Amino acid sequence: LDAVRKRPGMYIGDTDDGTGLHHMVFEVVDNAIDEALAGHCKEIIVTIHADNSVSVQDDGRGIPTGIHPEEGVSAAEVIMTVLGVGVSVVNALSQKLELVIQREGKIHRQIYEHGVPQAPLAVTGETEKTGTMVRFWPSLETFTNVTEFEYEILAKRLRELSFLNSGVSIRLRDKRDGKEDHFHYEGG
């Protein structure tokens, strides 16, 4: 990940004007839509939190959790730490990132800071549900000037995405002011 840390602008885009900041969300959304497309119900929820972190969750199968034979760490960690632009870029440029994977009846939890895992992926409990959730806090060391998520930029993009992805429910929630939207298109 040090290649991304050396020149963040080359991977995420302009880190001053806010376009790079919002590209962080859309990169994670693309991964969530991919996971949502595999599965029948297909819902993603994008939440702008009061602390200016964003979470993106899907109810798909859950990203793989088994140990990668070569890398010697969970497949999830490989996805988060090995170089659209990839979720590993978002991880590298986030001062904190929380990963929650529900898969094979088990809840898996891992925490990252600036792309560095704080511990190995751990089974913390049990669950009837399946899916992946990433919540990330953009790095204030990288993202300057514009450091807050504008609702309208996300809302407009997710509406455009809904029409390309049939049967996928996309919910947008703003916990700062309670503003909500639900984009769901059934075409085909």
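Here, rigid core means the biggest group of C-alpha atoms that superpose within 1.5 Å across both forms. Start at 1 and count along the sequence shown; that's the residue number.
**Student:** Out of 115 to 123 and 32 to 40, which shows the greater rigid core-aligned C-alpha deviation in 8 other deposited structures of this protein?
**Tutor:** Once the cores are fitted, 32 to 40 deviates more in 8 other deposited structures of this protein.
**Student:** Just how many deposited residues go unmodelled from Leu83 to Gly84: none, 1 to 3, 4 to 9, or 10 or more?
**Tutor:** Unmodelled stretch: 10 or more residues.
**Student:** Would you determine, from the values in the PDB entry, which of 144 to 152 and 158 to 166 has the greater average C-alpha temperature factor?
**Tutor:** Here the higher of the two C-alpha B-factor means belongs to 144 to 152.
**Student:** Test of understanding: from the entry's C-alpha B-factors, which stretch has the higher mean, 116 to 124 or 40 to 48?
**Tutor:** According to the PDB entry, the answer is 40 to 48.
**Student:** Looking at the temperature factor on the CA atom of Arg61, which third of the chain's modelled residues does it land in?
**Tutor:** For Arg61, the deposited C-alpha B-factor lands in the middle third.
**Student:** Going by the entry, which third of its chain does the Cα temperature factor of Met10 land in?
**Tutor:** According to the entry, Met10 has a C-alpha B-factor in the chain's highest third.
**Student:** Report the third (lowest, middle or highest) to which the CA temperature factor of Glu35 belongs, ranking only the modelled residues of the same chain.
**Tutor:** As the PDB entry reports it, the C-alpha B-factor of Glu35 lands in the middle third of its chain.
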